[PDB]
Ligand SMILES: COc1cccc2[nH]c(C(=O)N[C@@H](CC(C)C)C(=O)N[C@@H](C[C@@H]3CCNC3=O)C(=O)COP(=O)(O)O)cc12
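Shown next as structure tokens: one chain only, the form deposited without the ligand.
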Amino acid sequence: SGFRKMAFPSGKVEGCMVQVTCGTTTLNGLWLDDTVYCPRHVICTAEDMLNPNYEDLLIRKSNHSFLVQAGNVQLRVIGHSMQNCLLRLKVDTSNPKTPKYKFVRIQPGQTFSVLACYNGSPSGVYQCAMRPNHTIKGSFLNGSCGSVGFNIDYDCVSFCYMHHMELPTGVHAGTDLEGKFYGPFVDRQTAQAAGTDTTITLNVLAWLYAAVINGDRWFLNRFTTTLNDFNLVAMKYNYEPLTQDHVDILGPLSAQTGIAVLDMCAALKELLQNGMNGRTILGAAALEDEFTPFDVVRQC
């Protein structure tokens, strides 16, 4: 009955991780059935990343150029095709561990589990949220490229992210499982930057509801607010504006705590204005926003 940053169990994804090498470059690939997805920049080398032409680089590559490996075993790549920023290699072996899966594109503010990898082997798993500026603040040392974010519903894995690169600020950028980047980024060593990021207002409130559900109700107050006035304040603090939609989503949690949503806004409003009094919420000494209402409901 506590509150941990939880990830989905990583098992189904672990049995999908492989290693993909081209010359001196190695990163991670996701092996599903007879297909291996990985970031297309596994083909660039040195003075390529300096704006390269992937069509041009790919056409010059042969199926034997790709050294794919599941543990000891190489897998024979018997075909390929680019799809936006991914490579979709074909192989002569099917992965018997392939779980029920689908590809989904995820909205900013949502969360997922990341199984970080290096040379095809799992290092660790962790939960995070897609920032509103489309970056993710993960733990990603060079070589982790091709790690995947995923969600798990019952038996079925929804892949939503593959890591590609780190930005200057030190945050990370990637694509869905169809090669589409998240955010206005390109896989080239051109100097790009993160859009400004806001705090995920919807998540903070869910987190605050999770505090209450756990016997922590010190931040609560008696006043209320309109949606209008809460936004006027929250946006001053670089919080994302709040929509009636966001309010409804908080419906079940309010029902469960008895605390009205705008009242909880009134609480957050006060927390934003008046520091935090050195007090802690769920052990945190700042406000958390990498928890969705779904998550809170799930864990609590």
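One rule holds for the numbers: they count along the sequence shown, beginning at 1.
Relative to its counterpart among 81-89 and 67-75, 67-75 has the higher mean temperature factor, C-alpha atoms as listed in the PDB entry. The mean C-alpha temperature factor is higher for 44-52 when 44-52 and 266-274 are set side by side. Within the listed group 32, 57, 27, 242, the record reports its top CA B-factor for 57.
Highest C-alpha temperature factor among 209, 181, 223, 103 per the entry: 223. Ranked within its chain, residue 280 lands in the highest third, by CA B factor from the PDB record.
Among all modelled residues in its chain, residue 3 ranks in the middle third by Cα B-factor. Residue 109: CA B factor in the lowest third of modelled residues in this chain (values from the PDB entry). Residue-level temperature factors show residue 203 in the lowest third of its chain, judged at the C-alpha atom. In the PDB entry, a CA B factor belonging to the middle third of its chain's modelled residues is recorded for residue 98.
The discussion below concerns the form solved in complex with the ligand, not included here.
When the ligand is superposed onto this form from its pose in the deposited complex, three or more of its atoms come within 2.4 Å of a backbone or C-beta atom, and the site is therefore classed as blocked.
Residues within 4.5 angstroms of the ligand in the deposited complex, judged by any non-hydrogen atom, belong to 162-170 and to none of the other stretches in 162-170, 107-115, 71-79, 205-213.
Heavy atoms of no residue among 131, 196 and 242 are located within 4.5 Å of the ligand in the deposited complex. Contact with the ligand in the deposited complex, defined as a heavy atom within 4.5 Å, holds for exactly one of 230, 101, 140, 182, namely 140. Contact with the ligand in the deposited complex, judged by any heavy atom within 4.5 Å, is made by just one of 127, 189, 158, 221: 189. For residue 144, a non-hydrogen atom is located within 4.5 Å of the ligand in the deposited complex, even though that partner is not displayed. Proximity of residue 41 to the ligand in the deposited complex falls within the 4.5 Å heavy atom cutoff. Under a 4.5 angstroms non-hydrogen atom cutoff, the ligand in the deposited complex lacks residue 257 among its neighbouring residues.
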